[PDB]
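Coming up is one lone chain in structure tokens, specifically the form deposited in one PDB entry.
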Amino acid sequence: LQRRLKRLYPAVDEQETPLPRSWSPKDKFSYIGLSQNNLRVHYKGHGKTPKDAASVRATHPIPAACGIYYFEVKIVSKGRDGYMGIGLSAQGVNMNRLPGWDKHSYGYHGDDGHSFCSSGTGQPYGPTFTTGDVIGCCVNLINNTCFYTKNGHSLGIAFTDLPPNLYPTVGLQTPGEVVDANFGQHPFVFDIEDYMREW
């Protein structure tokens, strides 16, 4: 019997740098609700406009000693419009936003498939995504890059020159949106171990 996070991240001393295992009940915007042992994220805002965007960060930033880090998000419901972003953010970045809208945050959004790099204009990146889809986010801490995956297959490199100490982040914007995180306690759809083996 292997311990899943210890197999994935053998060099990480969690007494020093704990791994993110769930969403933070404190480090989140008021419009985000949590359920399922803090793994399920529910939009509970007004949903009318971008001023109602709402994000949540994981409990802990990604330890550098992971080497390569990975998490997956299942779209349980796209709600009204599926304005859902998945990515990374530094400590204290404004959470009344979708990931990538503000500096020091990075996102891939489901409605347009665009990538959003630290407040930069949305760029074509990947496919759209919606109810049923699994989207993964892989951070290569060694070469400072991030790429996403969709239903087990890799997309391209999204971001380069990434700073460290980033937190897994999801943001939602319309009523009924619901997503579930896998931080490594369930098998991943993407063959992350195959990617890692080469690093």
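We call the rigid core the largest set of C-alpha positions that still match within 1.5 Å between the two forms. In case it trips you up, residue 1 is the first one in the sequence shown, and so on.
Heads up, the form solved in complex with a partner chain isn't pictured, but that's what we're talking about next.
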(request) Kindly indicate whether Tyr31, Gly33 and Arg57 are, all three, within 4.5 angstroms of its partner chain in the entry with it bound, using heavy atoms. (result) no
(message) Under a 4.5 angstroms heavy atom criterion, identify the one residue in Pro163, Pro50, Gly132, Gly156 near its partner chain in the entry with it bound.
(response) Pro50
(message) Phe116 versus its partner chain, in the entry with it bound: is there a non-hydrogen atom within 4.5 Å?
(response) yes
(message) Can you tell me if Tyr83 lies within 4.5 angstroms of its partner chain in the entry with it bound, counting non-hydrogen atoms only?
(response) yes
(request) Although its partner chain is absent from this view, report whether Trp101 comes within 4.5 Å of it in the entry with it bound, heavy atoms only. (result) yes
(message) Even though the partner isn't displayed, in the entry with it bound is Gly120 close enough to its partner chain, meaning a heavy atom within 4.5 Å?
(response) yes
(request) Would you mind telling me which residue of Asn37, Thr49, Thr160, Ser30 shifts its Cα by 2 Å or more between this form and the one not shown when the core is superposed? (result) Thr49
